[PDB]
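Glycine also receives a Cβ, built like all others from the backbone with ideal geometry; neighbour counts cover every protein chain displayed. We did not get these values from a lab; they are worked out from the coordinates using the rules stated.
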Ligand SMILES: *[C@@H]1O[C@H](CO[C@H]2O[C@H](C)[C@@H](O)[C@@H](O)[C@@H]2O)[C@@H](O[C@@H]2O[C@H](CO)[C@@H](O[C@@H]3O[C@H](CO[C@H]4O[C@H](CO)[C@@H](O)[C@H](O)[C@@H]4O[C@@H]4O[C@H](CO)[C@@H](O[C@@H]5O[C@H](CO)[C@H](O)[C@H](O)[C@H]5O)[C@H](O)[C@H]4NC(C)=O)[C@@H](O)[C@H](O[C@H]4O[C@H](CO)[C@@H](O)[C@H](O)[C@@H]4O[C@@H]4O[C@H](CO)[C@@H](O)[C@H](O)[C@H]4NC(C)=O)[C@@H]3O)[C@H](O)[C@H]2NC(C)=O)[C@H](O)[C@H]1NC(C)=O
Ligand SMILES: *[C@@H]1O[C@H](CO[C@H]2O[C@H](C)[C@@H](O)[C@@H](O)[C@@H]2O)[C@@H](O[C@@H]2O[C@H](CO)[C@@H](O[C@@H]3O[C@H](CO[C@H]4O[C@H](CO)[C@@H](O)[C@H](O)[C@@H]4O[C@@H]4O[C@H](CO)[C@@H](O[C@@H]5O[C@H](CO)[C@H](O)[C@H](O)[C@H]5O)[C@H](O)[C@H]4NC(C)=O)[C@@H](O)[C@H](O[C@H]4O[C@H](CO)[C@@H](O)[C@H](O)[C@@H]4O[C@@H]4O[C@H](CO)[C@@H](O)[C@H](O)[C@H]4NC(C)=O)[C@@H]3O)[C@H](O)[C@H]2NC(C)=O)[C@H](O)[C@H]1NC(C)=O
Ligand SMILES: *[C@@H]1O[C@H](CO[C@@H]2O[C@@H](C)[C@@H](O)[C@@H](O)[C@@H]2O)[C@@H](O)[C@H](O)[C@H]1NC(C)=O
Ligand SMILES: *[C@@H]1O[C@H](CO[C@@H]2O[C@@H](C)[C@@H](O)[C@@H](O)[C@@H]2O)[C@@H](O)[C@H](O)[C@H]1NC(C)=O
Ligand SMILES: *[C@@H]1O[C@H](CO)[C@@H](O)[C@H](O)[C@H]1NC(C)=O
Ligand SMILES: *[C@@H]1O[C@H](CO)[C@@H](O)[C@H](O)[C@H]1NC(C)=O
């Protein structure tokens, strides 16, 4: 089983609702795949796509919904207090999760930001919050005002996270060990004065790790200016650009590496 | 008798004795003549020149010496306190005296200065000191610290002064009503490019009031740039300057008026 | 002439705020208004990096200002904010570098001082906060009533003490009654060498 | 460029002192050092009137200053102290008029503030004098111990309050022991609108 | 701390005119999270599109995926219009078939 | 407030060479009262002169009279030298016979 691959949570809250955003919302991730979604308007933790066929214990989803309702409260409250002491509008975010140590225990993560900058951390092995700015005090003090908060935060991170991760590697093995290989295409178009641009594009693959190498007359030539993006259904899409001298195109090939392929795959114009 | 002619006192104290000055000294005046002198080193009030033949009551001079010893004290003390609170060196002065009203009573004067500027006054009919500067407080407060000071100051001014003045008009009539007429001389010398300067000079007269008028061909021509000064023995000396065109001198005469003369006196080059 | 100002300390401190490095040039001239602002951060040119020059028409000349917005993190980690003004009436690119201090910070001393008894003979009193022994001069003091902003305050400029530190006073004028009713007041000081760049000290009857 | 400064208020107030109107020009140049100072008082030219320019050799240029001494009386009665600088490299006689205020004076409020209790945890404390609501900004504060000068003080610049008045603070740092021994301290304020241009307020344990 | 978005348009399967596919606009690197996003056909808004859950990255900036079913033709222009505070006028980005 | 002195030299009786008279130096208009004053004969100090009591006027400035017995001649120069703070170098004033 893919021992230890990260389980991570993304959390946010905002004061300005002029573009129709929820006041609080969260997403959860196993490595690169998102397995959960949640917002204050539905108050339910629902599985994402493929994760709905996973054999889980009868109480799996009820328990995720509970932990998330707790967080929602601590976040929405932090905003009102900030609104009271300082003029403006605010955006609050958090990053929380874990990864498995070889003996199977936890190595956690917990950080926070206010209006685009990191302003606070939380060490679960001590139960304390830290910072360096005036708003750290306002927020940290508000959260300390009920000791259980800190205690339940250390447990989510050092106990629940690793048990969830460990159950996912097993019950969700088919999902994690999938290698849908990429579908390839290579094309050329006009560039700047006297130049041409080649674009190697990769469709529908999983996992997201893929390597590009361009070849001029069968010899390694660089990897080009590359990028990746989500594909709307579980798989990914990527592309790399290379500038060549006009008239020079037919000398190049594109080659990619991927865990879903038995050996590299050479592509032709 | 010359009713009311002023009796006035000049008082001073200094911190710097590098030029051999006494710490305190005073001079007293009847109109324009000085009849008394006093300093802290002799501590005696002595008559000046002609005033030694005046028939006075047996206690006249002992009483002047007493009043002056009092003042000496108030003045020398004011300097030490100023020296204590402010760095520097100081010079303190006063002007005190009176003149007779027709019914024979007093119209007094009492003013003070510090380092060249007036900083305080004293109204004898109320017994109070006034000012407008930080050092007024330091000095005025120091002098109030013994109520009798104020009381003895109002008496010197409203009672003693007028009785002294009234005794002087009588016992010293020959001295006050003297009119030694001026001895005259008129001369010419070189001036600026193309000019000449005439100088009319008046020797040994009393009183100090004298009027100068220059005449060109028997006709009033101005009074010239005039000045007066003491003569070392009781009488005065004066002089007036007139600028004329070179070669024009013999047209001018000098004429003076004085209480010691039966009618104006015309002078020739 | 090209002046270059820092972000307000509060604005680099608070993630809820937005820090700006303002390059104020006064002149440029007519016939040559074409002042190409150049903005560099550490080494690198930032293009715009949301640089925003807005033209003003003053005196007998032009007053031109471009405002580079800064990442809180970068300025706190002290990058160099280099402003450069071009033109042709101008033989040389007028260069200007700012960053923060670089150090050695001294933590401010915040004591709050009640009105004098002689001042309770007035029916408006004054509340005083002494903030001393800080470095650099870059500080921000504010006042609150009970828990909320008081707009009624005057702060003196940081002035250098015998120490080689800076100090200031800030004077909250409240109503004699408003003090006498045992109402809580507070001065809230923000400086680099404070606990989270922030502290607060309370005045109560 | 010709700047013209007033006499120090203490020095026009105290007859024991001597007031001076200082005309500080910075430039003049070489080849044309020949700056004929011209000093006028009300209307009249004063020749010297004990005018005393003393040459300095600075920067890359000359720093020339002439000091006209003033009669206490005249300045208090507000005459115009007109400085004029000549030369030939200079197409026009650079004219400058000073005098005092002309008014409307506001009398300062002098309250003396003890150290805070939290500051008696330090073994040097601070003594504060608040001087408020004066006009013009032309003031002079000083401190004394028991009856004699304390050199250990720092005064803030007059800063304009909401009122349209000026205010300042002055901070005497003494030894905790020196305060605790019930020793008398005092701030001595000098401003035009005070009783004799002078006042004093005492701090004692 | 404000950050302008990065905008990238692309397709699911290798494109071919007249053949059913899915259009994808991936908007990322932005702050704040208040943003407007529409899919355009010949400069006019397409009705009823889908969107993924809004998320963010290790550097805190936000990211999300708008998408819908479409059939490419040789004449029809497809784009992605986005409004955000950092933008005085909205930004329109056109779909590039080699991507 | 400082004030430089005014200095005026003159004689008692109308002058005549070879005839006994009295020389007078009247120093006035000064402040402070610390001042040095000497009578000179051919630039060198005359010994044993007299002085009146030091006084002052309605405007506060001081005044005094130095004097002595002398016989004018045609060749001998008489002056009055004065030192005071307002003076960087002392001032010497020569006797003018038409005064
Ligand atoms: C033609 O006219 C124009 C305009 O004139 C006005 O008046 C006319 C009568 C009228 O007709 C109109 O024309 C117009 O109304 C003249 O322009 C003036 O030009 C002079 C220079 O010649 C400038 O003077 C300089 O000022 C600097 C300080 O500037 C601030 O204060 C002034 C006064 O209040 C403001 O005017 C100015 O705008 C500045 O305010 C600050 O601005 C910034 C940017 O907006 C604010 O930023 C904040 O940013 C954060 C970001 O998060 C946040 O967004 C906040 O909300 C923002 O507010 C900041 O807050 C403002 N500050 C405050 C308190 O609010 C001086 O520093 C400068 O002095 C230095 O240089 C000179 C020259 O070398 C030296 O002599 C001087 O000593 C000093 O040198 C050294 O400087 C170091 C840095 O300061 C210092 O540490 C060091 O100790 C020092 N060295 C020594 C030895 O002391 C200088 O005085 C004027 O500012 C400018 N006026 C205006 C209105 O812009 C023009 O000259 C004229 N042409 C002629 C006459 O030919
Ligand atoms: C070449 O170099 C020289 C010297 O440079 C030094 O540094 C180099 C690095 C080095 O190499 C050497 O060369 C050298 O060490 C440059 O000279 C400088 O030039 C500038 C102008 O370009 C001058 O700046 C002006 O300063 C005025 C204030 O001046 C006082 O403070 C400064 C700073 O401390 C002192 O330096 C200065 O000496 C002044 O101190 C006061 O002096 C008087 C006279 O001695 C004292 O008098 C007392 O008198 C009583 C009498 O009884 C008693 O005797 C006391 O004992 C005496 O002490 C007085 O006490 C002193 N004060 C104190 C506190 O001690 C500024 O006012 C002036 O600013 C005005 O004008 C400018 C220009 O228009 C405006 O921009 C500015 O806004 C302001 O305008 C208006 O002014 C009004 C009046 O102030 C004001 O009310 C109004 O609000 C204001 N308007 C506005 C809109 O704000 C200006 O800043 C420097 O002073 C001068 N430096 C020196 C050392 O002299 C030279 O430029 C350079 N050449 C170049 C670069 O080309
Ligand atoms: C490859 O990239 C070089 C530098 O950066 C690139 O362009 C900037 C604007 C961003 O898009 C950045 O993310 C890219 O990595 C360019 O100088 C170069 O022109 C690019 N070359 C080609 C052929 O596209
Ligand atoms: C007469 O006086 C005019 C103006 O004042 C005089 O000179 C000054 C210097 C002082 O001495 C002052 O007390 C004098 O009154 C002169 O302009 C004029 O030249 C003088 N004329 C003559 C002929 O001496
Ligand atoms: C880690 O956990 C798995 C499942 O419990 C187990 O098979 C594996 O041996 C564990 N490793 C150690 C070192 O405990
Ligand atoms: C003024 O006093 C003299 C002397 O006592 C006296 O002769 C004269 O008549 C008095 N005048 C009046 C009005 O009392």
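Structural remarks
- Cα coordinate range in the stretch D:109-203, projected on the principal axes (Å, largest first): 38, 28, 17
- Overall dimensions of the stretch D:55-142 by Cα: Rg and Dmax, Å: 21.9, 65
- For the axis carrying chain A to chain B: nearest C-beta residue of A, whole Å: A:134, 23
- Ascending distances from the residue A:49 label point to its copies in the other chains, with the point 7 Å along the Cα-to-beta-carbon line: 12.8 nm.
- The relative contact order of the stretch E:45-99, computed from alpha carbon pairs under 8 Å that lie at least 6 residues apart in sequence, is 22 percent.
- Shielding by partners - mean other protein chain Cβ count within 10 Å, residues of B:108-117: 5
- For residue D:164, the label point sits 7 Å beyond Cα toward Cβ; its separations from the matching points on the remaining copies run 4.5 nm, from shortest to longest.
- Average partner coverage of B:129-139, which counts Cβ from other chains inside 10 Å: 6
- In terms of overall dimensions, the C-alpha atoms belonging to chain C reach 65, 39, 35 Å along their principal axes, ordered largest to smallest.
- Build a GNM of chain B with springs between Cα atoms under 10 Å apart, and of B:86, B:138, B:52 the one that fluctuates most is B:86.
- Prolate/oblate/rounded call for the stretch B:104-192, Cα gyration tensor, a/c under 1.5 rounded: oblate
- Per residue convex hull volume, Cα atoms of the protein assembly as shown, in Å³: 297
- Residue-averaged 222 nm ellipticity for the protein assembly as shown, from DSSP H runs of 4+ at -39500 (n - 2.57), nearest 500: -4000 deg cm²/dmol
- Counted over the stretch B:178-269 with a bin width of 5 Å, the fraction of Cα pairs per bin, in whole percents, is 3, 14, 26, 23, 16, 10, 6, 2, 0.
- For chain E: relative contact order, % (alpha-carbon pairs under 8 angstrom, 6 or more apart): 34
- Projection of the Cα convex hull of the stretch F:22-67, averaged over all directions and equal to a quarter of that hull's surface, yields 3.7 nm².
- Separation of the stretch C:1-34 and the stretch D:111-154, taken as the distance between their Cα centroids, equals 38 angstrom.
- Other protein chain Cβ atoms within 10 Å, averaged over every residue that makes up D:34-44: 0
- Take residue D:95, move 7 Å from Cα toward the beta carbon, and the resulting point lies 4.7 nm from the same point in each other copy, nearest first.
- Average Cα contact separation per residue, chain A, under 8 Å, 6 or more apart, as relative contact order %: 14
- As a rough footprinting exposure proxy, the listed residues B:8, D:14, C:120 were ranked by other beta carbons within 10 Å of their own, and the order from fewest upward is C:120, B:8, D:14.
- Plainly put, the stretch B:130-243 has a radius of gyration that is 1.25 times its Kirkwood radius, both from alpha-carbon atoms, as the Rg/Rh ratio.
- Ordered from longest to shortest, the equivalent ellipsoid semi-axes for chain A are 43, 25, 17 Å, each the square root of 5 times a Cα gyration tensor eigenvalue.
- Percentage of interatomic Cα-Cα distances in chain F larger than 15 Å: 61
- Normalised alpha carbon radius of gyration of the stretch B:1-88 [divisor 2.2 N^0.38 Å]: 1.29
- Chain B: most fluctuating residue of B:11, B:36, B:198 per GNM, C-alpha cutoff 10 Å: B:198
- Protection proxy ranking of D:16-23, C:34-41 - average other beta-carbon atoms within 10 Å, highest first: D:16-23, C:34-41
- Note on A:38, C:62: ascending count of other Cβ atoms within 10 Å places them as C:62, A:38, the fewest first.
- Among residues of chain E, the one whose beta-carbon sits closest to the E-to-F rotation axis is listed with its distance in Å as E:1, 33.
- Over all orientations, the stretch C:2-98 has a Cα convex hull whose mean projected area works out to 6.3 square nanometres.
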